[PDB]
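Engineer: pasting the first bit of my complex, frame unchanged:
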Amino acid sequence: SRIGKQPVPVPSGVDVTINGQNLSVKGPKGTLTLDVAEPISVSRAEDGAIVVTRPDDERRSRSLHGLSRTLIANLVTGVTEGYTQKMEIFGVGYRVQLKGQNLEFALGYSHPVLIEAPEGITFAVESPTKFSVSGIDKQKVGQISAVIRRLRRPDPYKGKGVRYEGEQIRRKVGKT
Amino acid sequence: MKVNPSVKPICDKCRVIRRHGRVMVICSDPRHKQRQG
Amino acid sequence: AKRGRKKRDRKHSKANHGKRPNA
């Protein structure tokens, strides 16, 4: 509603191909895809924006309108800038490095762990205890970041594991 | 995950939602997390 | 249990009109 009615800004070199409902957005970072369902119309606001439109004000339409808007907003935003999550490895003797594209952890196990880079994202380490995950497809970015986050079973006693940069985790004490 | 046919928003932050045909109580306090079933 | 209940609930059909013998 309040989000699904807004038009969406569109800067300069941002080529939007309205092949009916199927939409596809080209910018210097790549040419992303998107699809939508039959009901909702994708009109191009000819001031330099895109606007969603719906026939009905039923449950499905009220739900799906705003979704489509927010998705295309993320889409054009990424192809202009991108997304880059930051993650930070608190611990004792824990560490991260990189091997070309693919990344390497030391997390107390008896073997080390690695990750295969998917097609559309790259890793970027700034220190052995601190890195980022830079991509475009926000789904993918947060996916892989959380997959990392879930390697170490959490431990709120001493503060080990992986943390999203602004993760303020909970804590307790085992005093004895 | 306390499984009970009675769930409630115990504290002030427990939000009551519905996933997949099951009522749930999500909260930052995992003691409070629960569901029907 | 089950058997008696299914008897007593088949009775609520339409061609019986709410009643059957031996329930």
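Structural biologist: Arrived safely. Numbering: from 1, shown residues only, chains lettered A, B, ... in the order given.
Engineer: the residue nearest the centre of chain A and residue A:73, how far apart?
Structural biologist: Nearest to the mean C-alpha position of chain A, by Cα atoms, centre = their mean, lies residue A:138 at 2.2 Å. The span separating residue A:138 from residue A:73 equals 11 Å under the rule Cβ to Cβ, to the nearest Å. The C-beta positions use only the backbone N, C-alpha and C, and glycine is treated the same way.
Engineer: what of residue A:146?
Structural biologist: Taking Cβ to Cβ, one finds residue A:146 at 22 Å from residue A:73.
Engineer: repeat for residue B:36
Structural biologist: Residue B:36 is 36 Å from residue A:73, by Cβ to Cβ.
Engineer: equivalent analysis for residue A:94, please.
Structural biologist: 37 Å.
Engineer: skipping adjacent residues, who's closest to residue A:161 in space?
Structural biologist: Nearest residue to residue A:161, sequence neighbours excluded (Cβ to Cβ, 6 or more residues apart in numbering or on different chains): residue A:152, at 3.9 Å.
Engineer: residues near that neighbour, how many?
Structural biologist: Number of residues near residue A:152 (other Cβ atoms under 10 Å in any protein chain shown) recorded here: 18.
Engineer: so is it in a helix, a strand, or just coil?
Structural biologist: At residue A:152 the chain is in coil, as set by DSSP: H, G, I helix; E, B strand; the rest coil.
Engineer: could you do the one 10 residues further on as well?
Structural biologist: In terms of secondary structure, residue A:162 is strand; the call rests on three-state DSSP.
Engineer: cool, residue A:25 as well?
Structural biologist: Counting by three-state DSSP, the backbone at residue A:25 sits in strand.
Engineer: now do the helices in chain A.
Structural biologist: Assigned by DSSP state H, the helices in chain A fall at A:59-80, A:138-149.
Engineer: and the longest one, what other elements does it pack with?
Structural biologist: Looking back up the chat, that one is helix A:59-80. If contacts are counted by 3 or more Cβ pairs under 8 Å, 6 or more residues apart in numbering or on different chains; DSSP states H and E, helix A:59-80 sits against strand A:8-9, strand A:22-27, strand A:30-34, strand A:49-53.
Engineer: need those strands in CSV (columns: mean neighbour count and distance to residue A:133).
Structural biologist: Listed next are the helices and strands packed on helix A:59-80 as CSV, based on neighbours: other Cβ atoms under 10 Å in any protein chain shown; distance: least, Cβ to Cβ, whole Å:
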stretch, mean neighbour count, distance to residue A:133
strand A:8-9, 16, 25
strand A:22-27, 17, 20
strand A:30-34, 14, 17
strand A:49-53, 18, 28
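Engineer: let's put chain D on the structure above:
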Amino acid sequence: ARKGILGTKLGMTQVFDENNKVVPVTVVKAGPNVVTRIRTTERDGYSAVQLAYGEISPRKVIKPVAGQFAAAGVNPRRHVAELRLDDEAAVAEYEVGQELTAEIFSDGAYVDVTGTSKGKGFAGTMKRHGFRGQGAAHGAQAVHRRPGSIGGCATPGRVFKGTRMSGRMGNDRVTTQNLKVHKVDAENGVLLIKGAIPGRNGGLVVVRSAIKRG
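Structural biologist: So that you can see how it sits with the rest, here is chain D on the chains above:
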């Protein structure tokens, strides 16, 4: 991708290792088989190869079989089995006619054989399936070796297929797996398998590289 060969069981014996352990080795004489025919996804819909072993004096073979052999060009043989392979990979190394020889294996190679078991006739439960029979004293009225019960009473009122009973055991195809190989003799065309392979001395085996280990 799966090396197999046909052979004849002979017996069993002992030999020794470098650490002076003893290995109960079974002998097999994989005489040089011949490839009679082939199986492909265009002709037949699967990938395979068809082998031949033995000797017939030329008048004991039948004319259909003599045609199956003379069409492929080669001479008749006793036993004709068929390995089932995966694809062009396992086909591109076979040719009609060519003589296989036992050297295709190497010491340490893990194999699986297949053979027709020995017969035991009309067997009871205590030999098929290893039942505790019943007591030999304390009052037994003639049940010293026969099974017992067979089901319920008016529920089901039947006997539950696969209920185990007496009948002909033996004389079935059987697969024995993960057998190491101790020595190969090229002079005499012989394998010295380890272990203990199915069948009666003078029959037919089929040894293959094992699935779990090949």
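Engineer: need the contact list for the residue nearest to the centre of chain A.
Structural biologist: Residues counted as contacts of residue A:138 (Cβ atoms under 8 Å, 6 or more residues apart in numbering or on different chains) are A:74, A:78, A:83.
Engineer: repeat for residue A:93
Structural biologist: A:106, A:108.
Engineer: same deal with residue A:50?
Structural biologist: Counting by Cβ under 8 Å, 6+ apart, residue A:50 touches A:7, A:8, A:10, A:16, A:42, A:43, A:44, A:72.
Engineer: so the fifth one sits right up against residue A:52, yeah?
Structural biologist: Translated: residue A:42. Yes: using Cβ atoms under 8 Å, residue A:42 is in contact with residue A:52, at 6.4 Å.
Engineer: circling back to that earlier point, just the buried residues of the contacts of residue A:50.
Structural biologist: A:8, A:10, A:16, A:42, A:72 (16 or more other Cβ atoms under 10 Å in any protein chain shown).
Engineer: distance to residue D:67 added to these, as CSV?
Structural biologist: What follows is the buried ones among the contacts of residue A:50, written out as CSV (distance: Cβ to Cβ, whole Å):
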residue, distance to residue D:67
A:8, 78
A:10, 78
A:16, 72
A:42, 71
A:72, 72
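Engineer: show me what contacts the most centrally placed residue in chain C?
Structural biologist: Nearest residue to the geometric centre of chain C (Cα atoms, centre = their mean): residue C:11, 2.5 Å. Counting by Cβ under 8 Å, 6+ apart, residue C:11 makes contact with C:18, C:19, C:20, C:23.
Engineer: and those residues, which of them are in helices?
Structural biologist: Among those, DSSP H puts none in helices.
Engineer: farthest pair within those residues?
Structural biologist: The most widely separated members of the contacts of residue C:11, counting by Cβ to Cβ, are C:18 and C:23 (11.5 Å).
Engineer: show me what residue 19 is bridged to.
Structural biologist: Assuming you mean chain A. Going by DSSP bridges, residue A:19 is paired in beta bridges with residue A:22.
Engineer: ah, no, chain B please
Structural biologist: Under the criterion used here (DSSP bridges), residue B:19 is bridged to residue B:22.
Engineer: that one - how many residues pack around it?
Structural biologist: Neighbours of residue B:19 using other Cβ under 10 Å come to 9.
Engineer: name the nearest residue to residue B:10, sequence neighbours excluded.
Structural biologist: Distances taken as Cβ to Cβ, 6+ apart place residue B:32 nearest to residue B:10, at 5.3 Å, with adjacent residues excluded.
Engineer: first-to-last residue distance for stretch D:197-208?
Structural biologist: Chord length of stretch D:197-208, first to last residue, is 13 Å (Cα to Cα, to the nearest Å).
Engineer: then chain E, please:
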Amino acid sequence: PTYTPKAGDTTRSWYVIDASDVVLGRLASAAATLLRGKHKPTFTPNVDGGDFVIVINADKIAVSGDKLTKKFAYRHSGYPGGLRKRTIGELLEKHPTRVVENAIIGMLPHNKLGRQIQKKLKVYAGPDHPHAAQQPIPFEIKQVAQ
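Structural biologist: Let me put chain E in with the others:
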């Protein structure tokens, strides 16, 4: 008295249906109608006099609800604990023909005549068929107003 078809009476035809996102129930009822012969005026239940049926694009059948993945086809070998089941999705991706067949077979009599009818049912997972030399009549499922 009333007319009863003799031996040299039957006239056959080969019909062909598309299963392009048709509903399984509609399709199957139509085929049962045709095979059993409830569309000709020569109908008699003691005689099989329907028409051959050829179903195509059978892997395009699409159903409603969650029946693709909440619905369970069952079987039983006869042995104990030999009840084994399958969804509809697994069964399409294994072999699609069986879904449509069994669906139709439950819309027929399960008698001798029904078995002798199933012979007259040909089903193919793709768009094609080898039965072009009968020039199969396309059937379009229609509903008569009144």
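Engineer: mind redoing the neighbour count of residue A:152 now chain E's in there?
Structural biologist: Applying other Cβ under 10 Å, we find 18 other residues in the vicinity of residue A:152.
Engineer: contact partners for it?
Structural biologist: Here residue A:152 is in contact with A:107, A:108, A:160, A:161, A:162 (criterion: Cβ under 8 Å, 6+ apart).
Engineer: run the last query once more with 10 Å
Structural biologist: A:89, A:91, A:94, A:105, A:107, A:108, A:109, A:113, A:160, A:161, A:162 (Cβ atoms under 10 Å, 6 or more residues apart in numbering or on different chains).
Engineer: can you select the buried ones among those for me in PyMOL?
Structural biologist: For the buried members of the contacts of residue A:152, the matching PyMOL selection, counting by 16+ other Cβ under 10 Å, is:
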select buried, chain A and resi 89+91+94+105+107+160+161+162
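Engineer: from the contacts of residue A:152, which is closest to residue A:173?
Structural biologist: residue A:160 (15.0 Å).
Engineer: assess the claim that that closest one and residue A:151 are in contact.
Structural biologist: No: using Cβ atoms under 10 Å, residue A:160 is not in contact with residue A:151; the gap is 11.1 Å.
Engineer: tell me, what's touching the two both at once?
Structural biologist: Shared contacts of residue A:160 and residue A:151 (Cβ under 10 Å, 6+ apart): residue A:107.
Engineer: in chain D, what residue is nearest chain E?
Structural biologist: residue D:161 (4.8 Å; Cβ to the nearest Cβ).
Engineer: which strands or helices does the helix ranked longest in chain D pack on?
Structural biologist: Longest helix in chain D by number of residues, with DSSP H as the criterion: helix D:63-71. Under the contact criterion of 3 or more Cβ pairs under 10 Å, 6 or more residues apart in numbering or on different chains; DSSP states H and E, helix D:63-71 touches strand D:34-39, strand D:48-52.
Engineer: got the angle for the first one vs strand D:48-52?
Structural biologist: It stands for strand D:34-39. Between strand D:34-39 and strand D:48-52, the angle comes out at 150 degrees (axes from the mean of the first three to the mean of the last three Cα atoms, to 10 degrees).
Engineer: so what's residue A:141 closest to, chain neighbours aside?
Structural biologist: Spatial nearest neighbour of residue A:141, chain neighbours left out: residue A:135 (4.5 Å); criterion: Cβ to Cβ, 6+ apart.
Engineer: over to residue E:96?
Structural biologist: Nearest non-adjacent residue to residue E:96, counting by Cβ to Cβ, 6+ apart: residue E:59, 4.3 Å away.
Engineer: next, that neighbour: phi, psi?
Structural biologist: When quoted as degrees, to the nearest 10, the phi and psi of residue E:59 stand at phi -80, psi 0.
Engineer: check contacts around it.
Structural biologist: By Cβ under 10 Å, 6+ apart, the neighbours of residue E:59 are E:19, E:92, E:93, E:95, E:96, E:97, E:99, E:100, E:124, E:125, E:126, E:127.
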